[PDB]
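As structure tokens, the next two blocks hold two forms of the same chain, structure 1 and structure 2.
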Structure 1
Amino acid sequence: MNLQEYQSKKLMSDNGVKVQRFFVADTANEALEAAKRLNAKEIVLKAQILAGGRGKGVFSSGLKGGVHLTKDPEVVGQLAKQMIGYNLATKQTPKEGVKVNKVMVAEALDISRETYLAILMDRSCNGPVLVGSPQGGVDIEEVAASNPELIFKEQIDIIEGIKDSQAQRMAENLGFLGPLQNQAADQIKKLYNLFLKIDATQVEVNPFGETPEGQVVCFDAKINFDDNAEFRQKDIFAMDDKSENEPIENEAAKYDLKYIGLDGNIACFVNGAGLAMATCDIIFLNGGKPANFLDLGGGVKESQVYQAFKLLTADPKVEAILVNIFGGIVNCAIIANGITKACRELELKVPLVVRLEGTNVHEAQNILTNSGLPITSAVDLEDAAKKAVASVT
């Protein structure tokens, strides 16, 4: 789970990490009005999207750059009106972009040098790692590719934790000299503590800044949180606006149904991420385009199949539904009835293909054939694919 910059910045502020003092403006005029409440020489404006590369982005309004700075508050609002509502298209987002809504108006600070820094859980390092480069900025990936040996890695022991020598060496490798080496090293340790405190899979500050006045500041905040840790990170997961993605995705989450959309007419429905992806794959092999897919995992509940069909069919772009449940805990002859009832108490005007395989499937598909509803069972995976594609003519 990713949070906006302003939401992360406060987490960093309340945990000893220094960052620019800012104001969140919902409207376009309130961006410049907040630029006055702040009162500072140079102001910085940032579009809030759950993505990076904002600086090198392009708005659908023709605005070049997702981040700008100036000394005139009147200019802040001038750029805010033509930022809010439009889609910012950075190289991390799809070609369409991300609709901007909020804007951050912070106290811009002069930058004497930029360094990249990131804390994260890496499978190769079997735990937390310090990842930094002295030449950071928006061009970090290019510097990391052409000059791979400017990327410094320092594996952290989860039991012992961040050692003073590790933080001191990282700061040195980032080129923090003199008294700043102590300051940067301390901010590194404070970031690692916040990293573990919030169950974050990634904490990235780019650029890990160094002001001409001798201050080490985190100018950018990109945090990826561990979804599995939500049960102990209530306040953190309550911040997710949830309104950037389609309102059907989070509605599907009301019943623990992981949903993602696509561009097609076949609405898939599978009990497993890997299998559900292969489902969308073999459909592509047969000339069909999956509209989306619902993932159940392993648990099977009547309430889910009743809603499931509701969500997929609520998408007017659906012309058929493909059920592929291979390994449910419930004698899926039971959910097989849940498919007949979910369809009867809903009718639906689109065909429906089903492929079940598990605890006594012989009797399970007997309920479907003698039901009287547009249900066409399938024997194997390749079978369900061809039938789904054929039913959209």
Structure 2
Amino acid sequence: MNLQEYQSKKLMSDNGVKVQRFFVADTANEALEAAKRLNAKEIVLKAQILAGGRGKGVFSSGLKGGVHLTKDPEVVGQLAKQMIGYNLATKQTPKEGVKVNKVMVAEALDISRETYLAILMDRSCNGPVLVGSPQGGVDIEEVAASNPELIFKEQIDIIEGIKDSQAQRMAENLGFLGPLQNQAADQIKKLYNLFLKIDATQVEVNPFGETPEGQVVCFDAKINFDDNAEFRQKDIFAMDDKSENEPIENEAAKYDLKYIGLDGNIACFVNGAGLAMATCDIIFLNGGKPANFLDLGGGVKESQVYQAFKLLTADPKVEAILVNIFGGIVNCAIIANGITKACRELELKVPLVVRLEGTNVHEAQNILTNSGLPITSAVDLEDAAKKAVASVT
């Protein structure tokens, strides 16, 4: 799941969480009118792309900076005209950049205090946990390194729900004072309820702070979603932005195949997540670089094999393919048949190293043998990895 800045903040504001008032514009004129409607003393214009570093990015129009500040609505429209339709290149994008179709026109807010606040499921404590620090605007992982005494945790009981004492105590530990502490405690409760409602794995607000005018605001936030809960989060998952994803990963998502593109030249699809991780491991240990991670699940069907091959063609770095299949009550001869079928029909001539363990192996070896295709049948996983590495440069 990937949400734009305006998508996540809309999701937060709809659930009582305080964020900057904002509009989203498709055109320069929409941005102009949105700027007027805000009635804000200062406006911030933000290009909407998923990658970071927008502030120091450059547009293909020549405009420097994807984040601009102004008190003039007309300037907002002018700058938006130099953003929308163009590509935004940052230090976290390809040099070509990413096409900007929408901009955010938000009320610019000053920040007096910056804190860190995160809500996630604690695998060890079996339930939601509040993670906070008075040191905000910083990668929290570094704070844990230098100053572990500044990381505060609150274990939440999922049935009991978040307690007022818990929300208040965290707000105090974050450094909020007086009415700002009460306002922060309330927002924490709203953030917790949002966390549960949208089936998030984590809701991370950074910075979680306050304006000089004395209001607690979630200035920036990141939301990670539980993929298992898509069936009951249809509206949210429909907002998914795949424009900054690896194209092969996107096509794999269509066929429900777990693909993660890598840096190597040895492609491999494997039934099972652990076995696939182990395959990448043992390929590396024998001096090779895996081109990808590809899990088909324990129940490996023939069509999944075909789609996998279809995916691996889109990767030009692929010089060899390691096929390792153990398990799933679809016999090996059927798998082997689907392998030969995909090889001829997809016009593939990279060498295959295939290890099949199950039933009808001898028949599978036969189907592989008389296929007249560059297919090597390995006996074990180490043998397969070595023969795959030997197949490439």
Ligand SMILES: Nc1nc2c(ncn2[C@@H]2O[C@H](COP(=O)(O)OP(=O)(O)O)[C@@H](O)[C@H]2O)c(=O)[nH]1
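Whichever C-alpha set is largest while still superposing within 1.5 Å between the two forms counts as the rigid core. Just so we're on the same page, residue numbers count up from 1 along structure 1's sequence.
Quiz item: Two forms of the same chain appear here; which of them is the form deposited without guanosine-5'-diphosphate (GDP)?
Solution: If we ask which form is the one deposited without guanosine-5'-diphosphate (GDP), the answer is structure 2.
Practice problem: Would you mind telling me which residue of 104, 162, 194, 218 shifts its Cα by 2 Å or more between structures 1 and 2 when the core is superposed? | Solution: So the residue whose C-alpha moves 2 Å or more is 104.
Quiz item: So with the core overlaid, does the Cα of residue 34 end up 2 Å or more away between structures 1 and 2?
Solution: Moves: yes, 2 Å or greater.
Quiz item: By the 2 angstroms cut-off, has the C-alpha of residue 47 moved between structures 1 and 2 once the rigid core is superposed?
Solution: Result for residue 47: yes, a 2 Å-plus shift.
Self-check item: Did residue 90 shift 2 Å or more between structures 1 and 2, C-alpha, core superposed
Solution: Superposed on the core, residue 90 moves its C-alpha 2 Å or more between structures 1 and 2.
Quiz prompt | Value in Å for the CA shift of residue 69 between structures 1 and 2, taken after the core is superposed | solution = C-alpha displacement of residue 69 between structures 1 and 2: 5.0 Å.
Exercise. Having superposed the rigid core, state how many Å the Cα of residue 245 shifts between structures 1 and 2.
Key: Spelling it out: core superposed, C-alpha of residue 245 shifted, distance 1.3 Å.
Self-check item: Displacement in Å of the C-alpha of residue 79 between structures 1 and 2, rigid core kept as reference
Solution: Here residue 79 registers a C-alpha shift of 9.0 Å.
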